[PDB]
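# compute the structure for the input listed below.
(12 chains, ligands or ions: 35)
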Amino acid sequence: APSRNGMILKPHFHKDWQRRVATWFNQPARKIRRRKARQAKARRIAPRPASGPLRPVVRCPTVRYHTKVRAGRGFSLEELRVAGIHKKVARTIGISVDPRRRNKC
Amino acid sequence: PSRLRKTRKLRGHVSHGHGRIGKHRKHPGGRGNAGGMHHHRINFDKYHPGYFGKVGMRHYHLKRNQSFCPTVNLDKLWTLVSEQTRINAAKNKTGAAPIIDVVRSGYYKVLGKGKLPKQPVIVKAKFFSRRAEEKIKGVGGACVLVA
Amino acid sequence: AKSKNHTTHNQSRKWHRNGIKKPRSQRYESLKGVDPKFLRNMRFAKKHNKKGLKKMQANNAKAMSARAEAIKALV
Amino acid sequence: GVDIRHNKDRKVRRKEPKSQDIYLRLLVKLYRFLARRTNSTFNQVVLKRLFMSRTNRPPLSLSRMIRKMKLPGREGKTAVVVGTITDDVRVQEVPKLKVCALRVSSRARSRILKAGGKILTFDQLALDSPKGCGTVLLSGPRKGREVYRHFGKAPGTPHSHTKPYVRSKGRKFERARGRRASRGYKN
RNA sequence: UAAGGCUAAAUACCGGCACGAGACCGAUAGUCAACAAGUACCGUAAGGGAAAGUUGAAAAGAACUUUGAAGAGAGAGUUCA
RNA sequence: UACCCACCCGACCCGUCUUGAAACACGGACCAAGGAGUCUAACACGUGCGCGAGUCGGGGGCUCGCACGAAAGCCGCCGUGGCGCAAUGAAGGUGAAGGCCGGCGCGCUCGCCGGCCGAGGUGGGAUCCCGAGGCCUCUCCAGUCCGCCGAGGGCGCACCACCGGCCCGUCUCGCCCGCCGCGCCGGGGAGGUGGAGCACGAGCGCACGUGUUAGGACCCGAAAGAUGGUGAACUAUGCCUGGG
RNA sequence: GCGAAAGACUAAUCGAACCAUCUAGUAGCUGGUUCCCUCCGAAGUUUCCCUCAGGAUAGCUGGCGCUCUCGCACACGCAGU
RNA sequence: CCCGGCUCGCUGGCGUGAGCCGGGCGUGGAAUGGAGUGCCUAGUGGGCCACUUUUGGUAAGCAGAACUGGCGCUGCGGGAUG
RNA sequence: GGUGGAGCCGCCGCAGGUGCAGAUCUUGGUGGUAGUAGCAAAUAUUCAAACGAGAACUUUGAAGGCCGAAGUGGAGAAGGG
RNA sequence: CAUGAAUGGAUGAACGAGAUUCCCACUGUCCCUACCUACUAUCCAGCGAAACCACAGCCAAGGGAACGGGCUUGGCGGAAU
RNA sequence: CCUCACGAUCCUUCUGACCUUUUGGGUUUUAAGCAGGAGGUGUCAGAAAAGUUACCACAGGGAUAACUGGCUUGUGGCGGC
RNA sequence: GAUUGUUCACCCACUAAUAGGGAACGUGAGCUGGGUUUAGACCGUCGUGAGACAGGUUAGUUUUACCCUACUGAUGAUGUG
Ligand SMILES: [Mg+2]
Ligand SMILES: [Mg+2]
Ligand SMILES: [Mg+2]
Ligand SMILES: [Mg+2]
Ligand SMILES: [Mg+2]
Ligand SMILES: [Mg+2]
Ligand SMILES: [Mg+2]
Ligand SMILES: [Mg+2]
Ligand SMILES: [Mg+2]
Ligand SMILES: [Mg+2]
Ligand SMILES: [Mg+2]
Ligand SMILES: [Mg+2]
Ligand SMILES: [Mg+2]
Ligand SMILES: [Mg+2]
Ligand SMILES: [Mg+2]
Ligand SMILES: [Mg+2]
Ligand SMILES: [Mg+2]
Ligand SMILES: [Mg+2]
Ligand SMILES: [Mg+2]
Ligand SMILES: [Mg+2]
Ligand SMILES: [Mg+2]
Ligand SMILES: [Mg+2]
Ligand SMILES: [Mg+2]
Ligand SMILES: [Mg+2]
Ligand SMILES: [Mg+2]
Ligand SMILES: [Mg+2]
Ligand SMILES: [Mg+2]
Ligand SMILES: [Mg+2]
Ligand SMILES: [Mg+2]
Ligand SMILES: [Mg+2]
Ligand SMILES: [Mg+2]
Ligand SMILES: [Mg+2]
Ligand SMILES: [Mg+2]
Ligand SMILES: [Mg+2]
Ligand SMILES: [Mg+2]
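Numbers count the residues shown, from 1 in each chain, chains lettered A, B, ... in the order given. Ligands and ions are numbered 1, 2, ... in the order given. Sure, structure below:
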């Protein structure tokens, strides 16, 4: 029963929400489960970039994110036989290899 | 808190703020926005004019990134640049007209609102307004397009 | 289940409790509702008052100095 | 056996700041003193403002403070705002000002000092001009809040344009029965 | 680049094993269940399903005398009580 | 004042629905303990606080085995992003400035070139400023200090009323166009009208209150509907085999 | 299902069994709705509704304020006249 | 209110008219009282009675309106009781 | 003041499952009714003794009686355990 | 009003815990009640419930939610059973 | 001559602009828009809708009947001038 | 007294007369249960049908007093040493 100049308010609670409510009291303990892994992995591969292999420079697709630059998935193949690094070897020297990137420029 | 709630001050008050003539029954009007046409019309029609009915043209699978286009007014153009590059002008006796890359500050369009300081400029943007053209031109300066 | 059908019983009380207010009228009421050929003209009269301000300003000093002379001739 | 309406005999105005900030309660202790004593209605307005709410003593932009000090004659006086001085990025020729305020945003604080100006607080203003001599009282636009747009007659009553509350504006959100003459009617 | 296939990691856990904690409840509350509780008990059966915590610090839990068929008493004694 | 008793006056039993209850209206033997406007989300306005054309906050990250910690602190993360900073159209799309002066096109209320000012004006406007004149002061006069009163005169916030102006949609009407192209090209004008618009801003976040909803939703209350199951030990028939 | 037919009977249950769940089903309708003091204080009328035991909107109510006025020898404004 | 003057694409033999700028002038019947304005918003939406007016009805403690006043929301003195 | 035997409150802030006379409220307890209604379907008991603290009601003896072999008699099924 | 032919019409021996009417016989059904018996109730020993209950319990009239126990005015009122 | 002679959303159709979209470009169909008319809701602010229950059920209602009681007294009865 | 569920009615007979009424249209924990007014049935009419019928017809559970009062009887009661 509306009264005097509110909004229209379609709120989505008709279905059954009480059952599938996901509370986040794990949140601060998950911060810690990941932190140990992040550390335990760095100590396991001791001399190695903890962040992981090297990713390539890459531009974002749509016209609104035109001008930014990202870390891509992996260096392309066409890139590699210019620098002279065999595609199967680079996977073993910390170079992400993406065999799926069409180079246009 | 429960401490500062009118439900405390309604103890010993029989009807509990809901009146004993017409009690607080469960759902007297309806449930939710129900009855816009029927018996709630006076509300929907006098407070939400234009609610009920179709209009316009469907455009299925719209994506916002296609039509993304922020705007600057000339009101605040010399804000995008550090003000010292403006002070290192109106001076320098050479017609320096520093370059303002409206693209770098995140705007794909320059609109002509407000006064502009009497100062030469080069404004690089994507889409210009007509009056924003004349305001920059007439101050002395260029409008340079970028893709 | 018959019921009363109408009444204006204590209605006079209600709408006189906040004391029926004659609508507060300002000077300069709105021109909305006046025939367009009036406005479509009187806006041109108002738009070009300035063209002819020189006549108005000098002719103001004429009477301002003639009545500064009229009040000084009385003195 | 008397016949007055006690409906609105009690006058509803603030006689103390509803807030607890000891600082505002302190210079209220100052103009609870000046207001009773000196003939100046000045502080009687300053006092009657130190009570009011955030929503009722709006911020004064810096440019609206210029064009109210540029007027012919009010040169040499001090601007006095029971409120905050904000900055105005769309203004550059900052004349030298003497301002008083409760707060001054940090950016506007440096535009004012750099222009050879001075900012006081409402206790140095009490020592400058306890009578309020040579001052200018100002305020921001109280009909400035976006709230004031949803107020008025109603949206949907004849030619009374007032913004309606809509969860999100768009094509299909309230352009229908009542807005286009083609679909029902329009007002 | 379909019509064939394999794959760790972040992801989920009101069952289970083993723990830790609490601005929680405190015996009509908190789980039905602080106890021989999914027990006693009902129903042909599917199923239903309780009540019920506290002597004292230590049993030192009242020997003995007496009245009574006996239950119960009167004295005595134990006890900080 | 509270225990018992006495007297004079008063005095019908509470809760409830109700035009009307002491009611020949209903609930109520008595006493203990239990017992009913809650939380979440979403708006809205009011209020407090931080910062302020910005401001966050989340998720992440960097710092612990937590005792207090599953806290606190910190991070071009702080802006990826939301909300705000700009509207208007169904949409292609456009998009908030005017004034003035001089000069040049025939000042043609049209088009172009140089300079000045910059958010227009009217009426109220808290109200500050200036203030004629007074009002004394132990003398006649002179005269600088100090205020009180102060006719009259000025700037004029906020806000309200109005007139203008600009943006977009639509219409009308009419003019000149620019020319990387050709004009079923694009561009400007005047007048009216639609707009949740601009016309030197006020938001963001965090609290608390009130209200409205969606939620079991202030507590208790149906006759029903659905999905799976267990029953012929009673009784209803049929059958099989016995007994009277 | 079964009925030599009464809607009979189907484990004290039959115009449609019992058990658990969906389930805190829905209720414009009954019933209840827990401490004091202080200040203000109504309505049963308007239009629309498959509206007539209900809502929507009007009023009437309160709270919050604000804008000013001047009893500070120096007031405009309003009104159930 | 009274003068003076500008503006017009309307109106017209001229003037109208309206709009502007600029000056010139104060208590305009009695009695009362500080006024203006914006936000949220609960309850209510079964009513009843009396003077007077009045519609059905024969009449009603009947049905239905007007105007005010009450009762509901409210005790006290009086009407024995209400 | 008393009994009671181990913990508790004042102030400044924060948080609630926070105040009961009532709901044919829930659970438990207890009255008035009241020492009242009642212990009335199938004819029936009596004497003496024994035992015993205690006998209308047990046991033995004696007497009167009923069930009357389509049984209140003698044996089984199902069921009970 | 509004019968009627297998929505069967008309008949009808026997039969009926089927519905009526009349007569004979009979009778405590009645005029009109009376007494007799058994078991009760009744009192006692023993044992002992329940429904129900705002507070409660003498009337007339008045008013009143238009039939009071309570209120107004009268009438009156004597423990425990 | 004046005061009545009429109709929302959605949907459908017709008409209008060398209109806009038809989605990676381009051309044609087609469809979707925009602006006006029409197709209709007579319960006329606009549900797509027949019964019966004496086998019945639930929520309620003295807001709504069938008894009594009140007020009234036409009618009925009784009585005057 | 005859008929009738009847109030009402009509007659027979007697008489002095067979006047009219109230008491919740007196009186169901006083009776009876014939009539209405459940469920079974039967006809007529109506209804396409389920069914309807102040149209007939037959069959159809009538609970509780021990409480207070009133009343009827029954003991008593304060006073009178
Ligand atoms: Mg990573
Ligand atoms: Mg109250
Ligand atoms: Mg209530
Ligand atoms: Mg594959
Ligand atoms: Mg216990
Ligand atoms: Mg306990
Ligand atoms: Mg328990
Ligand atoms: Mg114990
Ligand atoms: Mg205990
Ligand atoms: Mg002790
Ligand atoms: Mg009533
Ligand atoms: Mg009564
Ligand atoms: Mg009731
Ligand atoms: Mg269904
Ligand atoms: Mg009701
Ligand atoms: Mg009501
Ligand atoms: Mg009535
Ligand atoms: Mg102990
Ligand atoms: Mg708690
Ligand atoms: Mg309690
Ligand atoms: Mg025999
Ligand atoms: Mg044997
Ligand atoms: Mg007896
Ligand atoms: Mg294609
Ligand atoms: Mg039938
Ligand atoms: Mg039947
Ligand atoms: Mg009634
Ligand atoms: Mg009657
Ligand atoms: Mg009777
Ligand atoms: Mg009786
Ligand atoms: Mg009876
Ligand atoms: Mg009968
Ligand atoms: Mg029958
Ligand atoms: Mg027949
Ligand atoms: Mg037929």
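
# the longest helix in the chain is where?
Because you didn't say which chain, this covers chain A. helix A:27-44 (DSSP state H).

# that's the wrong chain, I wanted chain D
As assigned by DSSP H, the longest helix anywhere in chain D is helix D:22-37.

# picking that back up, now the longest helix of chain A: how far from the chain's centre is it?
17 Å (C-alpha atoms, centre = their mean, to the nearest Å).

# do it and RNA strand E meet?
Yes - counting by C-beta under 7 Å from any atom of the strand, RNA strand E is contacted by helix A:27-44 at A:30, A:33-34, A:37. The way it works is simple: take the backbone N, C-alpha and C, and place the C-beta from them, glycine included.

# reformat those residues as CSV; add distance to RNA strand G and neighbour count.
Shown next, in CSV, are the residues of helix A:27-44 next to RNA strand E (distance: C-beta to the nearest atom of the strand, whole Å; neighbours: other C-beta atoms under 10 Å in any protein chain shown):
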residue, distance to RNA strand G, neighbour count
A:30, 31, 11
A:33, 34, 10
A:34, 36, 10
A:37, 40, 10
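
# nearest to RNA strand F, of those residues?
For the residues of helix A:27-44 next to RNA strand E, the closest approach to RNA strand F (C-beta to the nearest atom of the strand) belongs to residue A:34, at 3.9 Å.

# doesn't residue D:49 lie inside a strand?
No - the assignment for residue D:49, made by DSSP: H, G, I helix; E, B strand; the rest coil, is helix rather than a strand.

# hmm, it is touching residue D:82, no?
Yes - between residue D:49 and residue D:82 there is a contact under C-beta atoms under 8 Å: 3.9 Å.

# need the overlap of contacts for those two.
Here residue D:49 and residue D:82 share the contacting residues residue D:57, scored by C-beta atoms under 8 Å, 6 or more residues apart in numbering or on different chains.

# how about the strands in chain B?
B:72-73, B:99-101, B:109-111, B:121-125, B:127-128, B:141-145 (DSSP state E).

# then chain A?
Assigned by DSSP E, the strands in chain A fall at A:57-59, A:69-71.

# direction included, what does the last one pair up with?
Looking back up the chat, that one is strand A:69-71. Sheet pairing of strand A:69-71 (DSSP bridges) gives strand A:57-59 (antiparallel).

# and residue 53, how many neighbours does it have?
I went with chain A, as the question did not name one. The local packing of residue A:53 (other C-beta atoms under 10 Å in any protein chain shown) involves 16 other residues.

# that's the wrong chain, I meant chain D
The burial count for residue D:53: 10, using other C-beta under 10 Å.

# try residue B:56
11.

# likewise the one 10 residues further on?
Other residues near residue B:66 come to 10 when the count uses other C-beta under 10 Å.

# show me the contacts for it.
By C-beta under 8 Å, 6+ apart, residue B:66 lies in contact with A:62-63.

# kindly report the same for residue D:99.
By C-beta under 8 Å, 6+ apart, residue D:99 lies in contact with D:65, D:78-81, D:85, D:112, D:117-120.

# okay, buried residues for the helix or strand containing residue D:42 please.
Using DSSP states H and E, residue D:42 falls within helix D:41-50. By neighbour count with 16 or more other C-beta atoms under 10 Å in any protein chain shown, helix D:41-50 contains the buried residues D:42-50.

# for these, which one is nearest residue A:46?
Using C-beta to C-beta, residue D:50 comes nearest to residue A:46 of the buried residues of helix D:41-50, at 65.4 Å.

# show me what contacts the closest one?
Applying C-beta under 8 Å, 6+ apart, the residues near residue D:50 are D:17, D:24, D:27-28, D:31, D:82, D:122.

# at 6 Å what do you get?
Residue D:50 makes contact with residue D:28 under the criterion C-beta atoms under 6 Å, 6 or more residues apart in numbering or on different chains.

# what does chain C have sitting close to RNA strand F?
Proximity of chain C to RNA strand F (C-beta under 7 Å from any atom of the strand) is limited to residues C:26-32, C:36, C:39-40, C:42-44, C:46-48, C:50-51.

# pull the distance from the lengthiest helix in chain C to the chain's centre.
In chain C, assigned by DSSP H, the helix with the most residues is helix C:53-74. Here helix C:53-74 is found 29 Å from its chain centre; the criterion is C-alpha atoms, centre = their mean.

# pull it out as CSV, backbone CA atoms only.
Coordinates of the C-alpha atoms in helix C:53-74 are reproduced here as CSV (Å, rounded to 0.1, in the frame of the first residue of the first chain):
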residue,chain,number,x,y,z
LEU,C,53,18.7,54.7,-23.7
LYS,C,54,20.9,57.7,-24.8
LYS,C,55,17.8,59.8,-25.3
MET,C,56,16.5,58.6,-21.9
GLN,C,57,19.7,59.3,-20.0
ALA,C,58,20.4,62.8,-21.3
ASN,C,59,16.7,63.8,-21.1
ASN,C,60,16.8,62.6,-17.5
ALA,C,61,19.7,65.0,-16.7
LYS,C,62,17.7,67.7,-18.5
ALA,C,63,14.8,67.5,-16.1
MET,C,64,17.1,66.6,-13.2
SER,C,65,19.0,69.8,-13.8
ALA,C,66,15.8,71.8,-14.6
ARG,C,67,14.3,70.6,-11.3
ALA,C,68,17.6,71.1,-9.5
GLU,C,69,17.1,74.6,-10.9
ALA,C,70,13.4,74.6,-9.9
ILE,C,71,14.3,73.7,-6.2
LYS,C,72,17.2,76.2,-6.2
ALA,C,73,15.1,79.0,-7.7
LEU,C,74,12.7,78.4,-4.7
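
# name the helices or strands packed onto that helix?
On a contact count with 3 or more C-beta pairs under 6 Å, 6 or more residues apart in numbering or on different chains; DSSP states H and E, helix C:53-74 meets no helix or strand.

# and it, anywhere near RNA strand H?
Yes - residues of helix C:53-74 contacting RNA strand H under C-beta under 7 Å from any atom of the strand: C:53, C:55-56, C:59-60, C:63-64, C:67.

# and which of those is nearest to RNA strand I?
Distance to RNA strand I across these (C-beta to the nearest atom of the strand) is lowest for residue C:53, with 65.9 Å.

# so how many other residues sit close to that closest one?
Per other C-beta under 10 Å, the neighbour tally for residue C:53 reads 9.

# go on, the one 5 residues further on?
Other residues near residue C:58 come to 9 when the count uses other C-beta under 10 Å.

# need the contact list for the residue of chain A found nearest ligand 3.
Chain A approaches ligand 3 most closely through residue A:1 (19.4 Å), counting by C-beta to the ion. Listed by C-beta under 6 Å, 6+ apart, the contact partners of residue A:1 are residue B:29.

# re earlier: who touches the longest helix of chain D?
Identification of contacts with helix D:22-37 by C-beta under 6 Å, 6+ apart yields D:17, D:43-44, D:46-47, D:50, D:122-123, D:126.

# save those as a markdown table, and put in distance to residue B:70 too.
Formatted as a markdown table, the contacts of helix D:22-37 follow (distance: C-beta to C-beta, whole Å):
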| residue | distance to residue B:70 |
| --- | --- |
| D:17 | 41 |
| D:43 | 47 |
| D:44 | 48 |
| D:46 | 42 |
| D:47 | 45 |
| D:50 | 41 |
| D:122 | 41 |
| D:123 | 44 |
| D:126 | 47 |
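
# show me where chain D has its helices.
D:22-37, D:41-50, D:62-67, D:106-114, D:124-128.

# most tightly surrounded among the ones you listed?
Highest mean neighbour count among the helices of chain D (mean count of other C-beta atoms under 10 Å in any protein chain shown): helix D:41-50, with a mean of 19.

# ok, the most centrally placed residue in chain C to RNA strand I distance?
By C-alpha atoms, centre = their mean, chain C has its centre lying nearest to residue C:28, at 2.3 Å. Residue C:28 sits 52 Å away from RNA strand I, going by C-beta to the nearest atom of the strand, to the nearest Å.
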